[PDB]
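Form deposited in one PDB entry, single chain, as structure tokens, below.
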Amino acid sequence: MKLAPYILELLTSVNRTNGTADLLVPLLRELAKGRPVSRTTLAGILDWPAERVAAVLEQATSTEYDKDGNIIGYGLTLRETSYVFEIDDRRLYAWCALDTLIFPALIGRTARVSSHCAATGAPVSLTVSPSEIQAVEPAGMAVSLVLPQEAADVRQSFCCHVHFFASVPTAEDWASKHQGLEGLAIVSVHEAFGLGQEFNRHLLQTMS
């Protein structure tokens, strides 16, 4: 289908005043190492005043911290979710299905991704590289999308509704019971990977 509305609202969410657009890729690359990331450390990597890092993270209310106050999650996370994101035999996690498709190009690594169908519990897996997906098991795997909402935190408004499904027909049956979700749509995992590619192209454009 036509995924411009999803691309547009995802970009608007990161490009928002005090949004994550310029901090996102450096933070994901740091989290990809598998250790908590200090705010002070992040400021140095970005060459920002601490003030600027804080205002961004403050707006990003979904950011996850550990007992020491270090960052352990923003899209990519060290805290267990339904979306397993394995890089170089380090098991990390992601906040949603589309995140798993987006991150490999941004961190320059291939990931072994696994989850379960949100409609049936069936195991699903695939290998996601910066340029392509492979080993899609099962081959008809699908993804749900919703429209991000103005000014809303991306995790409760978008991520928690963006799942893998075993197939498009299974996903459409599920979607028929959830039409209250804004802009709910079912796409193949390939279409979703394409959406991620478009998001990334625009993100990497704008990056200073």
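Sequential numbering from 1, following the sequence displayed. Between two forms, the rigid core is the largest collection of C-alphas that superpose within 1.5 Å.
Keep in mind that the form deposited in another entry is missing from the display, and what follows is about it.
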Which listed residue, 56, 162, 31, 166, is the one whose CA shifts 2 angstroms or more between this form and the one not shown with the rigid core aligned?
56
Displaced residue check between this form and the one not shown: residue 44, CA, 2 Å or over, core reference
yes
Rigid core fitted, is the C-alpha displacement of residue 16 between this form and the one not shown 2 Å or more?
yes
Where do residue 16 and residue 63 end up in the other entry, Cα atoms closer or farther than shown, with a change of 3 Å or more?
closer
Inter-Cα distance between residue 64 and residue 16 in the other entry, nearer or further [3 Å or more]:
closer
